[PDB]
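Asker: Partial complex here, more coming in a sec:
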Amino acid sequence: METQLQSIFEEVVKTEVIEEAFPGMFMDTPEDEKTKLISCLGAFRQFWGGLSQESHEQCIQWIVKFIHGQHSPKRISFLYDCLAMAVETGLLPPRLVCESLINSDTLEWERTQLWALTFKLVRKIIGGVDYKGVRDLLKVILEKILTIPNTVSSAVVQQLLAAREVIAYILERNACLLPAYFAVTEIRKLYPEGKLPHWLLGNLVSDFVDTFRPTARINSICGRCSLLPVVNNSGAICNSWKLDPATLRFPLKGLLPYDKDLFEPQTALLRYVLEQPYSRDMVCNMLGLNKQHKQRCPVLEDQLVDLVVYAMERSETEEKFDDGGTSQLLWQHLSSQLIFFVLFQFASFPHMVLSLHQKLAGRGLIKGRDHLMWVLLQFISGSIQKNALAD
């Protein structure tokens, strides 16, 4: 098995030691490109005859690591011509032997002749690969391309350029080995919007995503960002209005190239919701919180500050067109729900203290001061014993 094929490969790939000393004297040629390959494939196929289905692949895993163990690249090319016809006979499938070459660590970005030979060979044996195998090989080829740094010496650049045309042939939709819908998913998984890919990928992938431009136009909804719901206490929150609580975007189907307006934070929807009263049930729905679980969201304390400082300018502009300025009702609203927010302690108080200290440092707008400590008094009076004086 492994030892018999060890002996066979040892007698096949050997450059004989006593040879090349007192040389050029025999009247005998060695076995040529056909006879030596026939002699090796006979032992290979009789070894394969006593080989089980599970043991077919693993010896292949040795075979490449023996082939990568060789150092004469003419002998390596002879072994490549051996394996080109070995998989042609059907003894080895051109689906499991493709990743065996790449899986070896000897195929790095410094064995560039081995790189060119390997990529030419897997280009040649690409015919016996299904759509799933194509999807499996493209991602490992892509990350192997990603292993090369940005700037490498240009002595062996053309040896490394072969993968670009290999992928370009793979990406050809007329042959249709695999749909491009699966092809764009892995690239988008590695390279989302606003994320630069590797410099070896070239313009083609930048064109390849561009052909998916109408598809998102199928899913495009006009004026979706400007649409807003109504705040109600009836339950049954509409799932179309819901967002992503972690980073404030709408949920998206797939990884299609959506437009820019779907990638910014929608602070306006929660702005309109929290500015109106009775924003109690659906504020937990749009943030996905059940309100009994302690999460302590840090960014959720941001907009609560950003409303309060906004509550400064509504108390600062005139406050004289009306006696209350339509502000003391909103001051009561801010006193009511902001303390309910810290009732479950999802907003830690000294963080708001330092954020207000940072925000008011620089502007110096002090006109509606009388409210500012008063609601602060509403924090101090009602929460006198639940905390220490550190806050």
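Answerer: Everything's here; your move. Residues are numbered from 1 along each chain as shown, chains lettered A, B, ... in the order given.
Asker: For stretch A:187-202, give me every contacting residue.
Answerer: With CB atoms under 8 Å, 6 or more residues apart in numbering as the test, stretch A:187-202 has contacts from A:139, A:142-143, A:145-146, A:148, A:150, A:160, A:163-164, A:205, A:208-209, A:255, A:257-258, A:263. Yep, even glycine has a C-beta here, placed from its N, CA and C like the rest.
Asker: How about stretch A:297-306?
Answerer: A:245, A:267, A:270-271, A:274, A:287, A:289, A:338, A:341, A:346-348, A:351-352, A:355-356, A:359.
Asker: how does it look with 10 Å?
Answerer: A:245-248, A:265, A:267, A:270-271, A:274, A:283, A:287, A:289, A:310, A:334, A:337-338, A:341-342, A:346-349, A:351-352, A:355-356, A:358-359 (CB atoms under 10 Å, 6 or more residues apart in numbering).
Asker: Need the distance between the two termini of stretch A:280-296.
Answerer: Taking CA to CA, to the nearest Å, stretch A:280-296 runs 18 Å from one end to the other.
Asker: What are the buried residues along that stretch?
Answerer: Residues A:282, A:283, A:285, A:286, A:287, A:289 are the ones in stretch A:280-296 that count as buried (16 or more other CB atoms under 10 Å).
Asker: Can you classify the third one by secondary structure?
Answerer: The local conformation at residue A:285, judged by DSSP: H, G, I helix; E, B strand; the rest coil, is helix.
Asker: Centre of the chain to stretch A:153-166, how far?
Answerer: Remark: stretch A:153-166 is offset 25 Å from the chain centroid, using CA atoms, centre = their mean, to the nearest Å.
Asker: Name the residues of that stretch that are buried.
Answerer: Quick answer for stretch A:153-166 (16+ other CB under 10 Å): A:156, A:159, A:160, A:162, A:163, A:164, A:166.
Asker: Could you list every helix and strand that the helix or strand where residue A:37 lies packs against?
Answerer: Using DSSP states H and E, residue A:37 falls within helix A:35-49. Secondary-structure packing of helix A:35-49 (3 or more CB pairs under 10 Å, 6 or more residues apart in numbering; DSSP states H and E): helix A:2-13, helix A:54-67, helix A:73-86.
Asker: where's residue A:162 relative to residue A:260, distance?
Answerer: From residue A:162 across to residue A:260, the span is 36 Å (CB to CB, to the nearest Å).
Asker: circling back: closest to residue A:92 out of the helices and strands packed on helix A:35-49?
Answerer: Among those, helix A:73-86 comes nearest to residue A:92, with 5.5 Å by CB to CB.
Asker: following sequence is chain B, place it on the structure:
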Amino acid sequence: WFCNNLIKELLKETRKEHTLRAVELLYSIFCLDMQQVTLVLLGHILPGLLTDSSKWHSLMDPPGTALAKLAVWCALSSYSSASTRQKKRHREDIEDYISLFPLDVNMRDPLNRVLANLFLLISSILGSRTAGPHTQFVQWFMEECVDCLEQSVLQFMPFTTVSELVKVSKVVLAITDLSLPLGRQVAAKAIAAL
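Answerer: Same chains as before, plus chain B:
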């Protein structure tokens, strides 16, 4: 200052149409003072786009191609050659162009000076080894110089750069030969190396 503000904002894109709209708008915005942006883009911006190593990591498939098209739209138009305020602000200022660019048709016209200076930078990029995105940018440079050229805008080609394009690997070699009677023999030599 205005060019420096917008150039860094050009580096937020990954969608080719999305950056190409901005490039098309910036074409007209630069055409507001095309006579000056044809000399300040090639004067201090393009040397400032290649001096360091990591700075060409932004020069990629959408923005590098878009900027290369943007430059070649303006260059030809400046070769061909919009407000009273532009006439007002161009009166008083004087500038030593030789002090800025000592050059290592006329060779005193900054149209003939800075444009000829840029080809030295392209030769420096290509002749430098350790190929990266800079080689991609200079290969995207003149590939559109002939696309709009139905049929000299490229009269200032140095003679050493003719052999370089086949060193980095067509008909554009014959285009770069300028069909000169003195260029006839070196054109034959260049197409012999094929």
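Asker: try the contacts of stretch A:297-306 again now we have chain B.
Answerer: A:245-248, A:265, A:267, A:270-271, A:274, A:283, A:287, A:289, A:310, A:334, A:337-338, A:341-342, A:346-349, A:351-352, A:355-356, A:358-359 (CB atoms under 10 Å, 6 or more residues apart in numbering or on different chains).
Asker: Report the buried members of the residues you listed.
Answerer: Using 16 or more other CB atoms under 10 Å in any protein chain shown as the burial test, these include A:248, A:270, A:274, A:283, A:287, A:289, A:334, A:337-338, A:342, A:346-347, A:349, A:352, A:355-356 as buried.
Asker: Can you name the next helix or strand after the lengthiest helix in chain B?
Answerer: Using DSSP state H, we find that the single longest helix of chain B is helix B:61-80. Downstream of helix B:61-80, the first helix or strand assigned by DSSP H and E is helix B:84-89.
Asker: what's in contact with that following helix?
Answerer: B:32, B:33, B:34, B:35, B:36, B:83.
Asker: which of those residues lies closest to chain A?
Answerer: Distance to chain A, by CB to the nearest CB, is smallest for residue B:32 among the contacts of helix B:84-89, at 25.7 Å.
Asker: how far away is that closest one from residue B:76?
Answerer: From residue B:32 to residue B:76 the distance is 18 Å (CB to CB).
Asker: ok so, going back, so of the contacts of stretch A:297-306, which ones are in helices?
Answerer: Per DSSP H, the contacts of stretch A:297-306 map to helices at A:267, A:270-271, A:274, A:283, A:310, A:334, A:337-338, A:341-342, A:349, A:351-352, A:355-356, A:358-359.
Asker: so who does the spatially closest residue to residue A:78 that is not a sequence neighbour touch?
Answerer: Among residues not flanking residue A:78 along the chain, residue A:33 sits closest, at 7.5 Å (CB to CB, 6 or more residues apart in numbering or on different chains). Neighbour list for residue A:33: A:78, A:81, A:82 [criterion: CB under 10 Å, 6+ apart].
Asker: Now, of these, which are buried?
Answerer: For those, buried by 16+ other CB under 10 Å: A:78, A:82.
Asker: which parts of the stretch 51-200 of chain A sit against chain B?
Answerer: Counting by CB under 10 Å from any CB of the partner chain, the positions of the stretch 51-200 of chain A adjacent to chain B are A:149-155, A:157-158, A:160-161, A:191-200.
Asker: Which of those fall within helices?
Answerer: Going by DSSP H, the helices hold A:157, A:158, A:160 from those.
Asker: So the last one sits against residue A:152, correct?
Answerer: What that stands for is residue A:160. Yes. Using CB atoms under 10 Å, residue A:160 is in contact with residue A:152, at 8.1 Å.
Asker: Mutual contacts of those two, please.
Answerer: A:109, A:200, B:131.
Asker: following sequence is chain C, add it:
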Amino acid sequence: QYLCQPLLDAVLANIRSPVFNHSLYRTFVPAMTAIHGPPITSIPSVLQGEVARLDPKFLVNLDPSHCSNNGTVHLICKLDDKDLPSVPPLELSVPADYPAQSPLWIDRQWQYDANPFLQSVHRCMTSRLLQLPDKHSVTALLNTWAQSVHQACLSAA
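Answerer: Same chains as before, plus chain C:
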């Protein structure tokens, strides 16, 4: 080795001390200077050594094509022998750091066509070169290329 441990123990006790050079001075300086006496009144050189003892029957020079001043080098061979007939000139390929690596040679099957003699020359090349040992010099490949011309000429004649 025997009765020297005071001298060994003094230096380890006086180590990591800032007064070390002055403590040793203070304890030692007057003893020796008093009685014993007062103080006194392009291409690498590997290929340059390689081509030095190459055969004059080869006139190998650099390739006019391809890149230059880089790690990989290519040398096209010229054979001026009255004994041997005309053959294609052949071209090698040697990467950077020529010692301790196994180089290669170009491939062009259609150049050795229109004559079965040239096909036999190519088959003899594939016979002899496939058993050449690893990391050998260019003299071995040059001489195996040279002898195969006679080896095919004897079969042709």
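Asker: Go back to the contacts of residue A:33, now with chain C?
Answerer: Applying CB under 10 Å, 6+ apart, the residues contacting residue A:33 are A:78, A:81, A:82, C:123, C:126, C:127, C:130.
Asker: for residue A:374, same thing?
Answerer: A:331, A:335.
Asker: Can you verify it is assigned to a helix?
Answerer: Yes. According to three-state DSSP, residue A:374 belongs to a helix.
Asker: Run a quick neighbour tally on residue B:136.
Answerer: Close neighbours of residue B:136, defined as other CB atoms under 10 Å in any protein chain shown, add up to 20.
Asker: State the helix or strand in which it lies.
Answerer: helix B:133-141.
Asker: Is there proximity between that helix and chain C?
Answerer: No. Using CB under 10 Å from any CB, helix B:133-141 stays clear of chain C, with a minimum separation of 13.6 Å.
Asker: and that helix, does that touch chain A?
Answerer: Yes. For helix B:133-141, a contact with chain A is found by CB under 10 Å from any CB, at B:133, B:134, B:135, B:136, B:140.
Asker: cool, and stretch C:118-128?
Answerer: Yes. Residues of stretch C:118-128 contacting chain A under CB under 10 Å from any CB: C:123, C:124, C:126, C:127, C:128.
Asker: show me what contacts residue B:43?
Answerer: So residue B:43 contacts B:36, B:37, B:97, B:100, B:101, B:110, B:113, B:114, B:115, B:117, B:118 (CB under 10 Å, 6+ apart).
Asker: how does it look with 6 Å?
Answerer: residue B:114 (CB atoms under 6 Å, 6 or more residues apart in numbering or on different chains).
Asker: before we move on, what about residue C:23?
Answerer: Residue C:23 neighbours (CB under 6 Å, 6+ apart): residue C:14.
Asker: secondary structure element for it?
Answerer: With DSSP H and E as criterion, residue C:23 is part of helix C:20-35.
Asker: how many neighbours does the residue in the stretch 201-350 of chain A that chain B sits nearest to have?
Answerer: Taking CB to the nearest CB, chain B has its nearest neighbour within the stretch 201-350 of chain A at residue A:206, 3.8 Å off. When neighbours are counted by other CB under 10 Å, residue A:206 registers 17.
Asker: how big is the angle separating the longest helix of chain B from helix B:133-141?
Answerer: Interaxial angle, helix B:61-80 versus helix B:133-141 (axes from the mean of the first three to the mean of the last three CA atoms, to 10 degrees): 50 degrees.
Asker: for helix B:61-80, packing partners?
Answerer: Contacts defined by 3 or more CB pairs under 6 Å, 6 or more residues apart in numbering or on different chains; DSSP states H and E place helix B:61-80 against helix A:203-210, helix B:16-31, helix B:34-40, helix B:133-141.
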